[PDB]
Amino acid sequence: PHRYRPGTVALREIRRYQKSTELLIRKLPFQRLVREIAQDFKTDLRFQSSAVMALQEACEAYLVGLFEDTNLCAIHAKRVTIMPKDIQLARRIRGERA
Amino acid sequence: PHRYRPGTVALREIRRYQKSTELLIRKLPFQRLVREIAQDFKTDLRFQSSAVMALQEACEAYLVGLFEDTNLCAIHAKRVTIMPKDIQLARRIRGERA
Amino acid sequence: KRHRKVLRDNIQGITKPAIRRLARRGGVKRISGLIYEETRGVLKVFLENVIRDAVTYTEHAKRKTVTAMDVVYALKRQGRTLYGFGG
Amino acid sequence: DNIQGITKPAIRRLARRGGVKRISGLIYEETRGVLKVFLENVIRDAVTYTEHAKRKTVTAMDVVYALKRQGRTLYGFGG
Amino acid sequence: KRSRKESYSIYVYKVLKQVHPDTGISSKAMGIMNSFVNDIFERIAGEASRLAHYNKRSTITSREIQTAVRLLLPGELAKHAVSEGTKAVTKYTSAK
Amino acid sequence: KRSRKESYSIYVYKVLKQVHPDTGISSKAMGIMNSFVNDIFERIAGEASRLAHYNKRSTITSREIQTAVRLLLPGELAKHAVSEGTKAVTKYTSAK
DNA sequence: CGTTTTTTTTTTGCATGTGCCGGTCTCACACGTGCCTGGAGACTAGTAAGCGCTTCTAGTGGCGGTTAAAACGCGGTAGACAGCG
DNA sequence: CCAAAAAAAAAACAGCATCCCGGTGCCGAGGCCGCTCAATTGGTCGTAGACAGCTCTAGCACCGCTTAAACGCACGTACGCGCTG
């Protein structure tokens, strides 16, 4: 059978998704996750469909930006594999992390 | 014939200098480097010695802060010697440079 | 009053292949395991911090419905300003 | 020409408060180009406040607004 | 003669004469405490403003201050503040 | 009927036909270009407000709108933004 | 098996920093005056928003089906990581 | 020279997926219309800020002396760095 080398399909996926702009979280789980969290402050809140799309645009971008910052810290420890220690770092410099 | 081991004095200078609050750049060589650059935007300018002081405070404090992150980026690389690529990285993530 | 729905734990709804696609866009070639629940940690703190602020906006406006526009006054307040939902 | 005045032993002392033990000699160079870039940004804007007041003496209060502009708020001089 | 520069120094001396009343304060610190007051002043009045301005209002009340103090101050700092503000207002109106 | 939502998108269509005639736009994109102007307005107007406030002045003139537009925009957008801003002022003061 | 080892604990001597006793000096906190302008007060005036009523947007929830995405396991490539010079 | 051999490489064939095509469909762009309200015109009135004048604060210049700091060099240690399993 046919078999690409580890990394090969990882490259094509990068190129494939960097190219596009469409959301890569499933909008339902997200909504439930947004609702679930929304409750903690006050229960029984209604959300415009733009409001849950507003958050899902904000979050997906922030994280794609975090994975850029994170991928450098990893290459900067001479590695290719991103890790916890990289997202912790990125956030620390960023000052999101005390 | 007494000598200290490459590092055990740096650590004494660290210990010491954090503990204190005095301006670690000499006041004239700075006050000139304030004037020198300032003449590039407009010539014939004066400065309230307080507003010189203001710039030293903010510039020393800035670099103090940057060295901390650059220190963190160099530890992250299995190092204790900081390098230029550890400044370059901590600014890139800080969003100061591209 | 009250009606159908009380909370749940949708945290695990962030499929591994979802976080993987974010990182693939974020230029990442290889991803540790410890990654996917690390991200679930941060993403959760993000929304808590946005939605706290957005909920604070709705409560000022004495609505019970959170708008698109409540999210935006918060997201901006949290220095992450968004273009494409008004304001 | 006056750039250096920020001495190699001066940078050393900053980094030691920055929690640094061992420093590449390549860094003393790097630090100057950074510090220059910071004062440019801050000065430029700080004069822009002076030239809009129409003074020729730059004031503590001109730097304070320009740092506060750059995200860098400075408690201690006016405010 | 001079300018006529308004600080907060007399008010910070009394809040010092109310918490650690033995310990005095250097003038460099007093300009810092001064700069501190004016910053959160500017932040709250700034957020309070934009709340009113997003809700089509021509007045900032107790209620827009509060909602700034909520967003701005984190966890337990906000709480004690909201209460000291609420108490301050209730204790004011009820006094005379 | 529905009550009014004032937007900058009629001017953005014209300015689009100015710069690229036969190029169109999407609703979303037009929503973005909307946000863009608001942000900027709020930025520029905001810095200018400070400039009045800082120099003990009541009225914002185009000199404050200039001193602002320098501080905020980068070098080569600032130059050009300062250009178009002086041009529109000299053509209005003459044309009037 | 009891020989070379490193080399891991042990005094060993050593140097700074931290005082805690002294002691002297200076200028900046601290507080006092005198006057001036910024907050107090009482009255007026106008409309912001609080309140009650209505409109009807749009936000919810449930179905049922299609099939795209989630999941899980196996296998081996390759990258992390330690060791060492 | 003529072996390795192993390593390192080149390309040859074979296979998989993405790119760009016309053929198809619909809905959102784009425009036109008719109407409401917000921008304009005109006039009035009150003061913001410009201007001239003067006061005098504080910023600039220089100077000579007393070290505190910068510089400089030297020696070797510990750490950066590659290579490998």
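- The record names X-ray crystallography as the way this model was obtained, at a resolution of 3.506 Å.

- Where the PDB entry is consulted, chain D appears under the name Histone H4, with the organism given as Homo sapiens.
- This entry appears in the Protein Data Bank under the title "Crystal Structure of Nucleosome-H1.0 Linker Histone Assembly (sticky-169an DNA fragment)".
- Comment text from UniProt for chain D, heading Sequence similarities, reads "Belongs to the histone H4 family."

- Going by the PDB entry, chain A carries the name Histone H3.1 and comes from Homo sapiens.
- Looking at the Sequence similarities heading of the UniProt record, one finds this comment for chain A: "Belongs to the histone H3 family."

### Side note on the pattern of salt bridges
Then, number 1: Under the counting rule described, the total for this entry stands at 27 salt bridges over all chains.
Then, number 2: Close ionic contact of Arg69(D) with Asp45(D) constitutes a salt bridge, the shortest N to O distance being 2.3 Å. Here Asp45(D) lies in helix α2 (residues 26-53) and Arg69(D) lies in helix α3 (residues 60-70), a separation of 24 residues in the sequence.
Then, number 3: Across the salt bridge formed by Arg50(F) and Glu47(F), the nearest N and O atoms sit 2.5 Å from each other. Taken together, the residues span about one helical turn, with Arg50(F) and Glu47(F) both in helix α2 (residues 27-54) at a distance of three residues.
Then, number 4: Take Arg50(F): its relative accessible area is 34%, and that puts it in the partly exposed class.
Then, number 5: In this structure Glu47(F) comes out as buried when scored by relative accessible area, which is 2%.

### A closer look at the interface of chain B and chain A
Then, number 1: The partner chain A presents 15 residues to the 15 residues of chain B that form the contact.
Then, number 2: In total, chain B and chain A occlude about 1200 Å² of area from one another, counting both sides; carbon and sulfur atoms represent 66% of this.
Then, number 3: In terms of surface lost to chain A, no three residues of chain B exceed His76(B), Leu89(B) and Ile93(B), which account for 51% of the buried area on that side.
Then, number 4: Summed over the shared surface of chain B and chain A, the result is zero salt bridges.
Then, number 5: Linking chain B to chain A there are five residue pairs in polar contact.
Then, number 6: Every element with two or more residues in the side of chain B that touches chain A is listed here: α3 (49-75) and α4 (84-94) of chain B.
Then, number 7: The dominant element in the side of chain B that touches chain A, judged by the number of residues it contributes, is α4(B), at seven residues.
Then, number 8: Looking at side-chain class alone, the side of chain B that touches chain A contains seven nonpolar, one polar and seven charged residues.

### Here's the deal with the nonpolar core
As a rule of thumb, nonpolar side chains are buried together in soluble globular proteins.
Then, number 1: Residues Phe30(B), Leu55(B), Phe67(B), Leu39(D) and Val63(D) are the most contacted members of the largest nonpolar core, which totals 63 residues.
Then, number 2: The element that contributes the greatest number of residues to this core is α3(B), accounting for 12 residues.
Then, number 3: Sequence-distant contacts of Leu55(B), that is, excluding residues within four places in its chain, are made with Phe30(B), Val34(B), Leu39(D), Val42(D), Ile43(D) and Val63(D).
Then, number 4: One finds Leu33(A), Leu55(A), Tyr57(C) and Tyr73(C) within the second-largest nonpolar core, a separate group that totals 52 residues.

### Describing the protein's contact with DNA strand H
Then, number 1: What surrounds DNA strand H is a group of 34 residues, the closest being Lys19(A), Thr81(B), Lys1(E), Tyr13(F) and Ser58(F).
Then, number 2: A share of 99% is what sugar and phosphate atoms reach among the atoms of DNA strand H within 4 Å of the protein.
Then, number 3: Measuring from a phosphate oxygen of DNA strand H, one finds a side-chain N or O atom of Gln48(B) at 3.5 Å.
Then, number 4: Only β1 (46-47) of chain B together with α1 (8-17) of chain D provide two or more residues apiece to the surface near DNA strand H.

### Describing the interface of chain C and chain A
Much of the literature gives interface size as the accessible area that the parts lose upon coming together.
Then, number 1: Across the contact, 52 residues belong to chain C and 54 residues belong to chain A.
Then, number 2: Looking at the side of chain C facing chain A, the largest losses of area belong to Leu22(C), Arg24(C) and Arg25(C), adding up to 15% of the total buried there.
Then, number 3: Linking chain C with chain A are three salt bridges.
Then, number 4: Ionic pairing is found between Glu22(A) and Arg25(C), a salt bridge with its closest N-O pair at 3.2 Å.
Then, number 5: Run the count over chain C and chain A and you get 21 residue pairs in polar contact.
Then, number 6: Considering every element that reaches the side of chain C that touches chain A, the biggest residue donor is helix α2 (residues 35-60) of chain C, with 14 residues.
Then, number 7: Its residues assigned to classes, the side of chain C that touches chain A shows 25 nonpolar, nine polar and 18 charged.
Then, number 8: Across two bridges, the pairing between strand β2 (residues 81-82) of chain A and strand β1 (residues 30-31) of chain C is parallel. Looking at the pairing, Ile82(A) lines up with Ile31(C) of β1(C).

### Examining the side chain of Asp69(A)
Then, number 1: The topology assignment puts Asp69(A) in helix α3 (residues 49-76).
Then, number 2: Non-local contacts of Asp69(A), meaning those with residues more than four positions away in its chain, are made with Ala90(A), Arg94(A), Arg92(B) and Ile93(B).

### As for the relation of the copies chain B and chain A
Then, number 1: Laying chain B over chain A is done by rotating through 180° and shifting 0.1 Å along the axis; what remains is an RMSD of 0.4 Å. Viewed as a symmetry operation, the transformation between the two copies matches a two-fold axis. Every residue of chain B has its C-alpha some distance from the rotation axis, and the shortest such distance is that of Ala77(B), at 2.2 Å.
Then, number 2: Mapped onto chain A, 100% of the interface residues of chain B are again interface residues, and the two copies thus contact each other with one and the same surface.

Rules used in this analysis
Residues numbered from 1 in each chain as written, not as in the entry; some residues may be left out. Chains lettered and ligands numbered in written order. Part of a larger assembly, values for the part shown. Heavy atoms only, no water. UniProt positions renumbered as here; feature names shortened; annotations may be inferred. Salt bridge = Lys/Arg side-chain N within 4 Å of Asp/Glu carboxyl O. Helix = DSSP H or I, 4+ residues; strand = E, 2+ residues; numbered from the N terminus. Buried < 20%, exposed > 50% of the residue type's maximum accessible area, 1.4 Å probe, protein only. Contact = heavy atoms within 4.5 Å. Buried area = accessible area lost by both parts, 1.4 Å probe. Polar contact = N/O pair within 3.5 Å; in protein donor to acceptor, adjacent residues only side chain to side chain. Nonpolar A, V, L, I, M, F, W, Y, C, P; charged D, E, K, R; others polar. Core = buried A, V, L, I, M, F, W, Y, C linked by side-chain atoms within 4.5 Å. Near = heavy atom within 4 Å. Pairing = 2+ DSSP bridges. Least-squares fit on C-alpha atoms.

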